[PDB]
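All of the numbers you see were taken from the coordinates with simple rules; none came from a lab. FYI the Cβ positions are ideal-geometry reconstructions off the backbone, even for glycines, and counts take in every protein chain you see.
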Amino acid sequence: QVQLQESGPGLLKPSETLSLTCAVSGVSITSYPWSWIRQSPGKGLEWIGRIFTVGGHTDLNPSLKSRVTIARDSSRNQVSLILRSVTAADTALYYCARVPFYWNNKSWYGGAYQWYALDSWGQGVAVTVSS
Amino acid sequence: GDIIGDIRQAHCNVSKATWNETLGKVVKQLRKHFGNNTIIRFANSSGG
Amino acid sequence: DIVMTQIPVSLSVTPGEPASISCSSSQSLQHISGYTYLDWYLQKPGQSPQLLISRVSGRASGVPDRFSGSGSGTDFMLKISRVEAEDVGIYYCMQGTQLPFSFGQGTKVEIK
Amino acid sequence: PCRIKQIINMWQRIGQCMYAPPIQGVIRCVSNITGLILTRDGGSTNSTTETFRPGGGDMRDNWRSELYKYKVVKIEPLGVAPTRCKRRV
Ligand SMILES: *[C@@H]1O[C@H](CO)[C@@H](O[C@@H]2O[C@H](CO)[C@@H](O[C@@H]3O[C@H](CO[C@H]4O[C@H](CO)[C@@H](O)[C@H](O)[C@@H]4O)[C@@H](O)[C@H](O[C@H]4O[C@H](CO)[C@@H](O)[C@H](O)[C@@H]4O)[C@@H]3O)[C@H](O)[C@H]2NC(C)=O)[C@H](O)[C@H]1NC(C)=O
Ligand SMILES: *[C@@H]1O[C@H](CO)[C@@H](O[C@@H]2O[C@H](CO)[C@@H](O[C@@H]3O[C@H](CO[C@H]4O[C@H](CO)[C@@H](O)[C@H](O)[C@@H]4O)[C@@H](O)[C@H](O[C@H]4O[C@H](CO)[C@@H](O)[C@H](O)[C@@H]4O)[C@@H]3O)[C@H](O)[C@H]2NC(C)=O)[C@H](O)[C@H]1NC(C)=O
Ligand SMILES: *[C@@H]1O[C@H](CO)[C@@H](O[C@@H]2O[C@H](CO)[C@@H](O)[C@H](O)[C@H]2NC(C)=O)[C@H](O)[C@H]1NC(C)=O
Ligand SMILES: *[C@@H]1O[C@H](CO)[C@@H](O[C@@H]2O[C@H](CO)[C@@H](O)[C@H](O)[C@H]2NC(C)=O)[C@H](O)[C@H]1NC(C)=O
Ligand SMILES: *[C@@H]1O[C@H](CO)[C@@H](O[C@@H]2O[C@H](CO)[C@@H](O)[C@H](O)[C@H]2NC(C)=O)[C@H](O)[C@H]1NC(C)=O
Ligand SMILES: *[C@@H]1O[C@H](CO)[C@@H](O)[C@H](O)[C@H]1NC(C)=O
Ligand SMILES: *[C@@H]1O[C@H](CO)[C@@H](O)[C@H](O)[C@H]1NC(C)=O
Ligand SMILES: *[C@@H]1O[C@H](CO)[C@@H](O)[C@H](O)[C@H]1NC(C)=O
Ligand SMILES: *[C@@H]1O[C@H](CO)[C@@H](O)[C@H](O)[C@H]1NC(C)=O
């Protein structure tokens, strides 16, 4: 079993560039890719975006397409999220997880890799945005 | 050149009874290699 | 962007009594020439979420000798053979058909 | 329904192609189907729900269904075996 860990500043201020980093464990980026999942008290879970070993497509939610960004770094072995223009409902938990399973053959888009799952979730990020 | 008559689209036909019977006769055969209680579904591929 | 519905919202069941839950969607979850993407997640307070059901019926690994859900979908359903003392938590329904990979609302569980 | 195109790439051969001339009148061809090509899915897990999907595109597989009973051989007339005989001088 492989366990992930979340990282990032504890205390945060409004209207600041929120940089949240997921501490990638032994399994390197070249292996199974990851994804970002958002939590929200008093509301259902929300999606942030996906990522791939080579990036490329990296589909994100249309609602926050122009605000959030996902970047990868093989040398640093970490994945980070850039967010600005915080909202009132940003005091929640962020989860980082990977996609175990794959499904492909010689006919589906010529060997394209399809991922559909969410692996073991992280411990979450506790934040307190206030004056 | 110019087309004489009505304009239609080319197509092909296959008998439903013959086609399904062949699939039903081959599906059972393939279960031997994999297993007796195996569910078989057929897809149509995508853009190539 | 599609909204999910979870029924029942609140469930109370004695140990040893099988219980059933349902998840529904408006747009059909049949992928283009593929399978139906839907998973059930258990949110145990104070613990890490885990994945228990894959595809529509595939059981990945771990505990799932008690969780079993099937059916074509639309109004997706899940069935429990037996309720164990570790079945305390909040359920979750996720749909990942094409765009959003969004989630559901949730469902609490009560033990007697 | 389907579509028809004139220029084709059979035996893809990026460096060449061919143009299909028009055919007078109408064409009504009748034939048989004798075999199918199938491809398995990925190694997801131990799932009873197994899906078979058509493949194609390889010309070598087309003729493998007609020459699967044949095997060329090399005949060696020379042979050696003991025998009770003597060559007189
Ligand atoms: C194997 O079998 C699969 C499953 O049946 C086939 O998949 C279908 O492919 C066709 C190709 O035409 C799809 O039809 C086209 O889909 C496009 C998108 O529609 C979906 O997505 C939009 C959002 O982008 C949704 O609003 C919509 O509800 C659908 O979910 C559109 O591009 C097409 O419609 C528009 O464009 C075309 C021109 O491109 C116009 O002619 C139309 O009038 C219209 O303006 C079109 O609908 C179809 O959706 C696929 N199936 C499913 C279930 O989604 C594979 O094609 C097939 N493969 C082979 C090789 O046979
Ligand atoms: C798989 O196997 C099937 C079954 O055998 C084949 O189908 C047969 O195909 C052949 C070859 O095409 C057919 O036989 C003859 O084909 C010709 C059609 O094209 C002609 O037309 C133009 C017109 O100008 C000519 O210039 C050109 O050279 C071609 O000759 C015709 O020659 C024949 O029809 C004429 O002659 C016959 C007598 O031979 C008369 O009865 C007709 O009225 C007409 O005057 C003829 O059709 C044959 O008919 C097909 N069907 C069968 C045998 O049932 C498939 O081709 C083969 N291949 C594949 C990929 O499936
Ligand atoms: C394709 O278009 C051409 C013209 O661009 C058409 O030719 C015309 O045919 C009509 C009918 O016989 C004549 O009266 C015109 O003088 C022709 N025009 C020219 C410029 O020669 C032709 O018929 C069209 N073909 C189809 C199938 O619609
Ligand atoms: C292949 O099947 C189609 C669909 O049935 C046939 O098209 C019909 O042909 C008849 C011939 O009498 C027409 O009356 C119909 O209007 C056509 N359309 C439909 C929807 O049936 C076609 O003829 C068949 N082709 C062959 C070679 O048998
Ligand atoms: C289905 O396949 C999986 C993957 O090979 C099997 O999972 C293994 O199960 C054994 C049971 O003793 C464990 O020890 C292994 O650690 C598992 N490996 C994994 C999850 O990678 C599973 O056993 C198979 N199921 C059946 C019924 O044969
Ligand atoms: C239909 O179009 C064809 C094209 O060749 C033409 O010859 C024919 O007269 C048209 N029919 C009518 C009723 O306009
Ligand atoms: C083929 O026949 C089987 C029974 O042999 C039946 O269950 C199935 O529905 C048929 N399929 C079609 C497409 O008609
Ligand atoms: C599976 O089917 C085969 C024939 O395809 C039969 O001989 C065999 O007994 C079956 N096995 C079981 C376990 O039913
Ligand atoms: C198809 O198979 C039959 C089997 O009797 C054979 O006679 C025939 O020539 C083949 N071709 C066609 C077009 O029917």
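Points to keep in mind about this one:
- Centroid-to-centroid separation of chain B and the stretch D:1-47 [C-alpha atoms, Å]: 15 Å
- Placing dummy labels 7 Å off each Cα toward the beta-carbon, the span from A:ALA23 to D:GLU76 is 6.9 nm.
- Here the Debye sum runs over all C-alpha atoms of chain A as equal scatterers in vacuum, and log10 of I(q)/I(0) at q = 0.11, 0.22 Å⁻¹ comes out as -0.41, -1.48.
- Unsatisfied cross-links (Cα-Cα over 27 Å) in the set A:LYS13/A:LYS43; A:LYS106/D:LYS5; A:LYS65/C:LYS44: A:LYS65/C:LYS44
- A simple spin-label model places pseudo-atoms 7 Å from Cα toward Cβ; at A:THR30 and D:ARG84 they are separated by 7.2 nm.
- Per-residue ³J(HN,Hα) for the stretch B:8-25, Karplus 6.51 cos²θ - 1.76 cosθ + 1.60, θ = phi - 60°, Hz, x for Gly and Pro: 10, 10, 5, 7, 9, 10, 9, 5, 5, 4, 5, 5, 5, 4, 5, 4, x, 7
- For C:31-38, mean number of other protein chain Cβ atoms within 10 Å: 4
- Those chymotrypsin sites (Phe, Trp or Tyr not before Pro) in the stretch D:1-82 that DSSP places in a loop and that have at most 11 other beta carbons within 10 Å: D:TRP11, D:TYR19, D:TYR68, D:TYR70
- Counting beta carbons within 10 Å around each of D:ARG13, D:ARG60 and listing the fewest first gives the order D:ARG60, D:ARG13.
- Plainly put, chain D has a radius of gyration that is 1.29 times its Kirkwood radius, both from alpha-carbon atoms, as the Rg/Rh ratio.
- Annotation for C:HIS31 and C:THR74: the two label points, set 7 Å from Cα along the Cα-Cβ direction, are 2.2 nm apart.
- The protein assembly as shown: translational diffusion in µm²/s, Stokes-Einstein, Kirkwood Rh over Cα pairs, 4 °C, 1.567 mPa s: 50 µm²/s
- Comparing Cα centroids, the stretch C:86-104 and the stretch A:18-47 end up 15 angstrom apart.
- Near-label residues of the stretch A:40-55 by backbone N, under 19 Å of a point 7 Å along Cα→Cβ of A:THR69: A:48-55
- Dipole magnitude of the protein assembly as shown, debye to nearest 20 (Cβ charges: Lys/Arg +1, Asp/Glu -1, about Cα centre): 2360 debye
- Helical contribution to [θ] at 222 nm, DSSP H n ≥ 4, -39,500 (n - 2.57), averaged over chain B, rounded to 500: -13500 deg cm²/dmol
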